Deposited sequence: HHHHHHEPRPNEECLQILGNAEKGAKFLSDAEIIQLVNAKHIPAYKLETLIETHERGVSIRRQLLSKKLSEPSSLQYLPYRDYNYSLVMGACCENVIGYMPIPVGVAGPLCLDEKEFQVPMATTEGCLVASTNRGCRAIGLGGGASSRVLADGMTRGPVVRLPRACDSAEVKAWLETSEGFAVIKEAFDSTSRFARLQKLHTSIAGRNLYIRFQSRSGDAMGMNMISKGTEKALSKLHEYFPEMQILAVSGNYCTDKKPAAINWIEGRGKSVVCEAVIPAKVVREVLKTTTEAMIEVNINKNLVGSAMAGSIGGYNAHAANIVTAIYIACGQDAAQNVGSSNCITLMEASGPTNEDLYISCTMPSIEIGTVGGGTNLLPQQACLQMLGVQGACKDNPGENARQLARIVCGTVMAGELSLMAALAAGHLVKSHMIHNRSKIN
């Protein structure tokens, strides 16, 4: 049928077959899975190998939370294996850390690092700072004019006006001190604020847009070139994130007894320190690294991020880490280790954390959703878990490299 199909669709789509809808070519089709099915069939005929989609699964997945929220042009889902590393003994608690990865040995190695920490009295961590950022670029007629705006934003009165505009957008919108940089007639303004338990990009962007609108009322000659002028900086390496922080700034530490270094990690404290200095400090320095003073923080960040519904593209900055090691204890034979991660971009509400499987992994760690009594606590706790697990990862890989 050709003309009859248009009449039935006006009434609904359940009476029409799959081949009839394809003949003509989201909201038109009744069920979400059927929409995926038709899209897959249309796609298959465009590929040189239509049987490509055979092993890409799609059936029985809950698309209701994905459509119009997380993904478009959906043709199915990608299963990433999830392993568990733990217990991670952190701040007098014990965590079972979910890790989504396809790299062999990663989960097992991280698990060994956890064991080392666990037999060593446990790890301790602190959140040092919290605030997601957006760094728009604005332009004025002259550099003297951009200078005037910078000076105006630095006054208590000027900042209060911008803060009021920013804070009016959301419950959690609370503008911190502005960071500004001039480049001739350009002005780069770094807006920073806490965002409850959300990663905060949407919240900060909404606050930024309103703040820039209010700024335009005081400086009508100002042009808003882009709401992001890469001064944030989001999803690109930047020294500003390393020095100023972005999202959660975290530190974590543990002391590993000499006995544990030998038995669990198959190495010595002295060997670990020498590798740390010459690989993570000198090596990264020779390579021209900004913020990459670690062995494989990225491995742990990415694995946790994928498992817990985070924005995995943010591993670029979230993996920023300096790993430090020194001799400790009365006999100077125990291993003190610390990991400092100034730019963990993380959340427990919104985005991929709205999906049930991702919520399962968040629930494992007891951080799923918003914390009503203490806004931000779940996201802060997750950041502490990430930093702690990174340290476990550092211990085991460094031990492997030290032992050869």
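- Numbered from the first deposited residue, the unresolved ranges run 1-9, 21-23, 38-47, 427-441.
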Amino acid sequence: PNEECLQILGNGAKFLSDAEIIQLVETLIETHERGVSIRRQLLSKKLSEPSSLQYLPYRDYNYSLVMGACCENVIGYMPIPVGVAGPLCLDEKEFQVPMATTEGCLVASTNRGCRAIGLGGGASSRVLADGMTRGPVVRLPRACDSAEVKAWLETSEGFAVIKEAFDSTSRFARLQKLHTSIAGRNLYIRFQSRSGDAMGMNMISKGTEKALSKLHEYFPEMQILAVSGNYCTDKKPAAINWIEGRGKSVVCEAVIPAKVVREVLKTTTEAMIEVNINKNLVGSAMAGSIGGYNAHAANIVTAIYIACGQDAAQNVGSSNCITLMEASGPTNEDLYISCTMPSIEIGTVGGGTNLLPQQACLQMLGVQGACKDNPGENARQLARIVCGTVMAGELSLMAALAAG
From here on, numbers count along this sequence of modelled residues.
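If you superpose the two forms and keep the largest set of C-alpha atoms that fall within 1.5 Å, you have the rigid core.
- Across the superposed structures in 7 other deposited structures of this protein, aligned by the core, the stretch whose Cα atoms lie more distant on average is 170-178, chosen from 170-178 and 84-92.
- Between 324-332 and 263-271, the larger root mean square Cα shift in 7 other deposited structures of this protein, once each structure is superposed on the rigid core, falls on 324-332.
- As recorded in the PDB entry, 12-20 is the stretch of 390-398 and 12-20 with the greater mean C-alpha temperature factor.
- Higher average CA B factor: 144-152, of the stretches 144-152 and 312-320.
- The residue among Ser338, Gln363, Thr348, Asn374 whose C-alpha carries the highest B-factor in the deposited model is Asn374.
- Remark: of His296, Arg134, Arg174, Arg115, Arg174 shows the highest value [criterion: C-alpha B-factor in the PDB entry].
- Annotation for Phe191: CA B-factor lies in the middle third of the chain's modelled residues.
- Split the chain's modelled residues into thirds by C-alpha temperature factor. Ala198 is in the middle one.
- Per the deposited record, the Cα B-factor of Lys163 falls in the highest third when ranked against the other modelled residues of its chain.
- In this PDB entry, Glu157 carries a Cα temperature factor that places it within the highest third of its chain's modelled residues.
- Ranked against the other modelled residues of its chain, the C-alpha B-factor of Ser213 as given in the entry falls in the highest third.
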